[PDB]
Amino acid sequence: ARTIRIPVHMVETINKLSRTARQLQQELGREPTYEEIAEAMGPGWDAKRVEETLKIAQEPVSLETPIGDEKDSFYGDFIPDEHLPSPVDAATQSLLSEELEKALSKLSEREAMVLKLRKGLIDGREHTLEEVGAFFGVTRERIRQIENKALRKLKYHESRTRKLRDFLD
Amino acid sequence: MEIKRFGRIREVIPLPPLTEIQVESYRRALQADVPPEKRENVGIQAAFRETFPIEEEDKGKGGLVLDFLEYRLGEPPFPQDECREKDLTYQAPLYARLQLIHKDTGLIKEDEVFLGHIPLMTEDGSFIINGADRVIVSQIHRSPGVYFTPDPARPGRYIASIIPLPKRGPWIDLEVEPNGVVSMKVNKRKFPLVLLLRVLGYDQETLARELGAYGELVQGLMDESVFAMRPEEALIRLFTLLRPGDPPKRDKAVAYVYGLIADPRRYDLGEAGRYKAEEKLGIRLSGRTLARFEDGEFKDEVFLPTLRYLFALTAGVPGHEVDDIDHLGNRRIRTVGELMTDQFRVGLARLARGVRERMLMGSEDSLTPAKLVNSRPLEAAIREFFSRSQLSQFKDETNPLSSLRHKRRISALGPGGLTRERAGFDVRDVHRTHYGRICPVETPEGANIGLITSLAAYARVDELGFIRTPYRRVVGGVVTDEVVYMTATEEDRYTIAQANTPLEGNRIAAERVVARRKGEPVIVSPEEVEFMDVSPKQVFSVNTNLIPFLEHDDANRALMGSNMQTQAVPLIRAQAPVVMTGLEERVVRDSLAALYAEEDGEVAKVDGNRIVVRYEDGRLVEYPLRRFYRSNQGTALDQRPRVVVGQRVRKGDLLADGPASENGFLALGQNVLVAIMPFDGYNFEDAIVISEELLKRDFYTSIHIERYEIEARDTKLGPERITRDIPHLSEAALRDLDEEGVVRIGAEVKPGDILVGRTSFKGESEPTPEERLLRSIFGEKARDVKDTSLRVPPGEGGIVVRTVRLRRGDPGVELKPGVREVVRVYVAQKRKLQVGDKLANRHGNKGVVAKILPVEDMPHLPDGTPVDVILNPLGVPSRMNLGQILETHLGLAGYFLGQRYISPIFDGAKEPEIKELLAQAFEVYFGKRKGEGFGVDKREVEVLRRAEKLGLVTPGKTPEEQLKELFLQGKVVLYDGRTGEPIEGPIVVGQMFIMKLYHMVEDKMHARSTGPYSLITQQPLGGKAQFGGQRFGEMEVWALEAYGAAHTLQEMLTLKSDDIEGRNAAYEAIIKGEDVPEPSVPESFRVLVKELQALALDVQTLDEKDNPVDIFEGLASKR
Amino acid sequence: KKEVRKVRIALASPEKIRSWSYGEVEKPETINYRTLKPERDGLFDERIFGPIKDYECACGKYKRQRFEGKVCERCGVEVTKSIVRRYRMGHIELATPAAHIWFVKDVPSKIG
Amino acid sequence: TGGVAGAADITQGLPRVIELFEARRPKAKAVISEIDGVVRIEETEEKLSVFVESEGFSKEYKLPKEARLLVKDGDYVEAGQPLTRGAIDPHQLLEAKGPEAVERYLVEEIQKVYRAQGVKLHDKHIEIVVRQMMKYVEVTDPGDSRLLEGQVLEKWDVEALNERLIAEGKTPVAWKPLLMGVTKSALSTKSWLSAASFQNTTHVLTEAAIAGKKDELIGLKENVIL
Amino acid sequence: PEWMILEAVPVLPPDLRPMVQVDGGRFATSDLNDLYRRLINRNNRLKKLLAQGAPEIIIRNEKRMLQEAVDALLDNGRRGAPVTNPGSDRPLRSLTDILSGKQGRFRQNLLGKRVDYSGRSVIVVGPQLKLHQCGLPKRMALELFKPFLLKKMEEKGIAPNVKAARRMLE
Amino acid sequence: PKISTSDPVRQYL
Amino acid sequence: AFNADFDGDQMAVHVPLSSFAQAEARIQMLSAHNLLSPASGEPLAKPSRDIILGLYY
Amino acid sequence: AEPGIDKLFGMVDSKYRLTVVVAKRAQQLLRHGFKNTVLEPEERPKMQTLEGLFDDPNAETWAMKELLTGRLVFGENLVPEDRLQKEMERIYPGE
Ligand SMILES: CCC/C(C)=C/C=C(\C)C(=O)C1C(=O)C=C([C@H](C)CCC/C=N/C(=O)OC)OC1=O
Ligand SMILES: [Mg+2]
Ligand SMILES: [Zn+2]
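Chains as they are written, first to last, in PDB author numbering: chain A, 255 to 423; chain B, 1 to 1119; chain C, 2 to 113; chain D, 1243 to 1468; chain E, 509 to 678; chain F, 73 to 85; chain G, 735 to 791; chain H, 2 to 96.
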């Protein structure tokens, strides 16, 4: 029945809510508060829970839904792409890649890879890199020291040639 | 100021209360007040009584009958201006005493049920809906009744039509078949009429030729006589054509329907249709259609005359009236009261439909109360009307008159036939019957022309919904003050004389008299006159009535005049015009703009904020002075006090001016000196030049308030917050913020500045491995939350005046679901006049300030007075709006005699009277010069020399007396401030009333470089503080094609829009100083190709040789 | 690399449709209500139509673009640009053939 | 002002300009002679009729009393000359005096309108659009394609040369010139990309898709859209 | 000719019939998806029934519905439209409507693109201008030429690089 | 010729 | 030609980006290169209102 | 107007060829700095800003100046398609 498939015990509950909303309307006169409809629901129930549920319960909205003028505009027309980077964005991160290279080029080749394997390829490396010590090499608390000197080696250069400063927005 | 009044037509009766249409339609539809419960049908009561009682009972084992006893309401849960602040609807809850009875008669009677609560009207006549001020616009539609049109698809005969007005009511058409029978339409469901001519009870063999006596070709009525015997088997053989051919065992199914009940009538208990149906057809009625409790069969007084009139029209000259569908005696206006009521009907329709369901799913003795009544169908049926109806709209309150005019509008659109059908040149068209009922000039220019329309000043809508107009009764050439409100049809019976008709006391003084005889202009002697117009005022709308010298303006341009006045923005130094018509005072009164004193008294207290008044009884009443508040349109409304402490004050005296009033007279603009002459091209094509002096006098300065909102929303990613602590490279960018996210009340805010600080968890919370490093070089934090702060958009802000904070439901606030809180910042700006601003006079001369000259450059009179504006004359001859020229002449006299004028429409000042005033004025303007020791300027002589050759001045007459001659034509000698020399030949100058016109956001200045793009289509899209692009249409595509500008067209439709990498490479190129790359294939096409593919159609781009070419390079090609 | 000079529209054979398809949609599921990740073998499956994030498999084993063009061993998702999702076709194999309505209701019914 | 009493009017203004560009049998169809000849007029109280008479040929035009004669007994009329007042049916006139004449008529008849409105525009503009109303012909005696086929004229440099000459093909294609309105003439293009872009989208594609139609982008619209 | 019959229905790439999350934890999505769903559902069921060796009458019934389901997807409303059960009796947009627009068409119109280096404003006469000139508000010129501007900024001692120049203009 | 358009249910019955 | 007048008409502005589009714009679209009408071949940029008025007087 | 529009027109057989030639000469006049120019020092386009007439940056212009001196040659099928994009990089560096 639903566009966004849902578990069965969740259709149960949704149907159980829209049941209790009926009593609580006529019981009270007004449409019940969330706290009202939670007490009625039972033991596992909560203000937040009623709300967070009904959110999930909805249709949802058709992109092809017309807007006010009806003939020419549709809901979808107004939704902006926030995935793909816009000429300004794209142009930046491409330059960044180029200027970071220019930066860590003048470094020890072993050192440069350390940071490239602490971040520069893919994974945070809380400790993982410090285990497989740059494939081969002295591990853990002696790699901790390399990060320091490598990062601090860039500060020598960067404070002087302000290239990377401006990318901090 | 002294005020000279003009013309002499005594108006025997003042203008009706102007918002009457609105205030009274509603008053008499709710009846909340004076009518106490068991009192009167008409409105919502009738809406109840027609749905209740509701039965479903078989006496023996069950029986469920639900009654209606009472209606009540009266606790708007929140104050008026509190509904505005918190985006609520100002409305009362509605209760009804119902009472359920049983087959064993459960005597237990129910009580209240506020399952349903409904919007209340403001004092002025509007509504508050979800915080917004709205106006319901009343609509014209074809009145119920019986009409006889000519056949369109036949050049010979006519069609009869019986019209009722339910949403469940049938349009019956009676015709004569191409081959002479009797076509009969119910739905589209055609059938041979005859048949029903038996079911009446009386058959073919009693009256079919006796009452159709003339009926010489009555070969449509004729047919089956053996069928026309028994009334029982009469009905049966007809239900065949109400399918799907169900047995006649419950025979009287649809005939019980179209008998008397809540369907077949056109109006309850006669009225409307019948009232006409009588004068159109026979005499009597059967109550409303055909009444029969217990007798034999069914009463016919309906079709009998109806047939015998189609007959009497297919006859020579008995009756013989083809119906004019556009006659205002055939069209009525559905007002708010009705409009809301018949929308309260569709509500109760679904209510009882939900009630009938809960007999099946329901026991018997288990549910007596309202355990079956539910609001939701009715609640949302009514909230649907007020919020989303075509007929409910954003109250236009650019200024007081905007609102007044808005409330008095009349639409042909909505649930009546609209724009698609457009019935061009019909409907859109001023009918002979509009005289005094609808303004023939006030209408929207453009494609709504003649569809929306304005109700004329003195006009009034009666209980049946017909517009009436006052005429005074004239008996034997003497004219009584006994006034009558005729409808369009009553009027057609009379010989009505015009109002300017010369009176000698009450006596008609003239030999011959101009009159209308059912629309027909005729000259008659006074013996033949039966009624007289009240005043020219009655023919026109309010807005039009505000145009002085209207009779000298062509209509097309007076339309523009009475429209532009609506768009006049309230100035801070607003003036009422030098030449007024009359209305300007009384408009402010009715518009509820200004604040008046309700009783005789003395002023106790007065500050910018409130006035307190001791009334002669001892009463101390305080009047809060609504201050610097925001109209729908962003224009300001604020009452200022015009009264001092200990001032004695009569009842109805002024206390505070509205936004657009000067001492209770409508002040929509400035009065300003205008010289009409060309000026070096700066006034070239309706464009206007402006003395910087205006700017200095704060002369066209208006105050505008913009509202900004920001939502703090819960996310799937987690909450975001209003906060002072945003992450970035600035501190001077937080200066006037401090206040815990929000900008300090009183700050000057420029475009791009921070109104409200906000941080969201962003990007599914991944920082770039590339930015990961960038950060750790600078003492990394790499924070999760993003700067989503609200900024003043480009194109300016101004200065902050109020910030308003609403939170997490808890105060009395219903927020959008998912929202934690909102913040509002209101930003005020004193818009001074500037190049681009658009000015207008009331005679539809409209232009744009193209130049602001320094006072030294401005054309000046000999006494050293410069002029304020320079209007080009070329804007007059083709426009034929000579009214402004007259306005100027009188205005010139006024300027020197220190007086203002009231010059009534088609009455008022006349050339010789102006010339007399100009003569007096000349004494001031010139008379003194000799006394102060000055003769005539050498330049004054130079000019007259040329002036007498133009034959403006008499030869031989002295320099001075020539100058007077010239001043009487309203022309002066003007010096050019650039050269000092005079302008060869005299120039008309004088005071003109001019309005600065409201500036809409759509019409504000726009510029895009590059911005957001549409998710689905990947086309430039408008952001929050980033403009969308311009639209490039096929029309523009042709212009480019016709130029052969091939590359421009290409780059317009790829790089500058659709082509994705195109637009990036383009940017990157430009930044790096390289020329733009050649564009690729635009998305528009790629997508197109995919759509067709999704339709199992192979679209295939081929090279020179017929090998396929990939347009998605690699991204589409598989494996 | 060479410029297009003709556009040709022809009927699509089932072979041609299967040709375009990057996989069969077998399940009428869309997105997962709780996690918002496209449900497997459904109308949004990354496995069929492509990655949602530029150069990143579903499970998350691969990123960087270093691995450009590799289908993942665990999650089955190609590591390319995400944009590829607006251009990649799927298909549905019908249990019984069905008539294309254009070639039936447009008169004269080209098949009739 | 003062001219609508009960006689069917000649179209005026824009509706007339359309009447031509799509033409389209006119309102008060003027009766035209189909052959050169001399005029004889017979009538009754009721019946009225014009005869055009040559040596062999002799055509009669029975016509209503409504009609306003334009021609004297004993006058000489050329094929395609109107005999009554009113607008000539172009289709009718095309059948009488062929292409050139109808084209001439269309251009002037259109001009008649614009100029009466003070509008000045070169004939060549109209002549261009008109050429396109004559774009197509209908075949009467085949070559290798079928019998009706309303179908473009300048596909004939080889195909009105293949009889004995270049490639040969038994039957030399005999065709009938054909007048059609701008609406219709526009629907009928080679470029399905354009054709689909005007009214009736589903049809065009279905047609082209079956036929495997290629569109060499010869026009502009098709190049733009791409 | 066979090809006019479908035995594999193609599927439009999801990114352009998306499933966006909008405000309030609610969603927006194309009708196609809902058209596609119900088709998949009926096909899959048809497989089961055939696999079950169900009575040919209940199979016909299924095949009927499948044919219809395909119709409804390709060109909806050439046989009595289907609608989303709740919402309203608004007919679902099929491919055919999505292509051409249901408004007869492809005219009418709904036809035009938005554009990247553009602006609009009220005009005022310029008597001073020579015939080939026009007056542009600098504020508007500055946006229209922004990228070009940014480069000159770099070529002059008024900005180190482009990011810093762009920041100057915000 | 839009006669037997919406049979489905009637048909199956 | 624009059929513009100054009662508040707005114009849209567009910017020819490329070396090529600029050449088109400048050589074939520049106002001062389009003085005669392409419909009638009569001048189109011609004295208009106040301009005539002046010169006539 | 542009300095020499009438005579620029007189130089070609189609209005549109002018535009083409000009654009393309502008494209190369940019691609190789302004080194290609067939315009002797003293006749180079000029501006005014920061107060010091530097060379006019507008290549759309430049090309039009050069055409009018007649130091250029244009034709439909002159030199081969790639014996040009390298041969022009010889005399003036592509950098
Ligand atoms: C079957 C093809 C139908 C079609 C038009 C598809 C293209 C679509 C929907 C788009 O993406 C386009 C669209 O909306 C609008 C345009 C421009 C602005 C105007 C095109 C009209 C041109 N006209 C002429 O140049 O006249 C000689 O181009 C498109 O490609
Ligand atoms: Mg205008
Ligand atoms: Zn993976």
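Idealized CB from N, CA, C, for every residue including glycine.
Is residue i close to ligand 2? I mean its beta-carbon at under 7 Å from any heavy atom of the ligand.
i          : result
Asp1003(B) : no
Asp837(B)  : no
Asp743(G)  : yes
Roughly how many whole angstroms lie between the Cα atoms of residue i and residue j?
i          : j          : result
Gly1423(D) : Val1361(D) : 23 Å
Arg89(C)   : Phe239(B)  : 59 Å
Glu491(B)  : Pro164(B)  : 25 Å
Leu600(E)  : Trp103(C)  : 18 Å
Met648(E)  : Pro751(B)  : 14 Å
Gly62(B)   : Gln45(B)   : 29 Å
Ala11(C)   : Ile1452(D) : 6 Å
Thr62(H)   : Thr70(H)   : 13 Å
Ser753(G)  : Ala24(H)   : 6 Å
Between residue i and ligand 3, is the CB less than 7 Å from at least one heavy atom?
i        : result
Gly61(C) : yes
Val85(C) : no
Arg75(C) : yes
So with CB distances below 9 Å, who are the chain I contacts of residue i?
i         : result
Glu776(G) : No chain I is present in this structure, whose protein chains are A, B, C, D, E, F, G and H.
Hey, is residue i close to ligand 1, as in C-beta under 7 Å from one of its heavy atoms?
i          : result
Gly1033(B) : yes
For residue i, write down the residues that DSSP places opposite it in a beta bridge.
i         : result
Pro624(B) : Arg610(B)
Name, going along the chain, the residues of the stretch 587–617 of chain E whose beta-carbon falls closer than 9 Å to a beta-carbon of chain B. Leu603, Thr604, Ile606, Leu607 and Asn617
Near-chain E residues of the stretch 79–100 of chain C (beta-carbon distance less than 9 Å), N- to C-terminal order: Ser83, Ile84, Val85, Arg86, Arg87, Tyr88, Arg89, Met90, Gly91, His92, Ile93, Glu94, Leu95, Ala96, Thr97, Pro98, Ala99 and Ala100
Near-chain B residues of the stretch 12–37 of chain H (beta-carbon distance less than 7 Å), N- to C-terminal order: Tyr17, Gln28 and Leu31
In the stretch 303–317 of chain A, which residues sit with their C-beta less than 9 Å from some C-beta in chain E, listed in chain order? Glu306, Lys309, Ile310, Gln312, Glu313, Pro314, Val315, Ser316 and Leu317
By the 7 Å beta-carbon criterion, what residues does the stretch 823–854 of chain B contribute toward chain G? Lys838, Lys846, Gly847, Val848 and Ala850
Any C-beta of chain H within less than 7 Å: which residues of the stretch 745–760 of chain G qualify? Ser753, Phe754, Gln756, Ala757, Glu758 and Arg760
Going along the chain, which residues of the stretch 1070–1081 of chain B sit with their C-beta nearer than 8 Å to a C-beta in chain G? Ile1070, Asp1075 and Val1076
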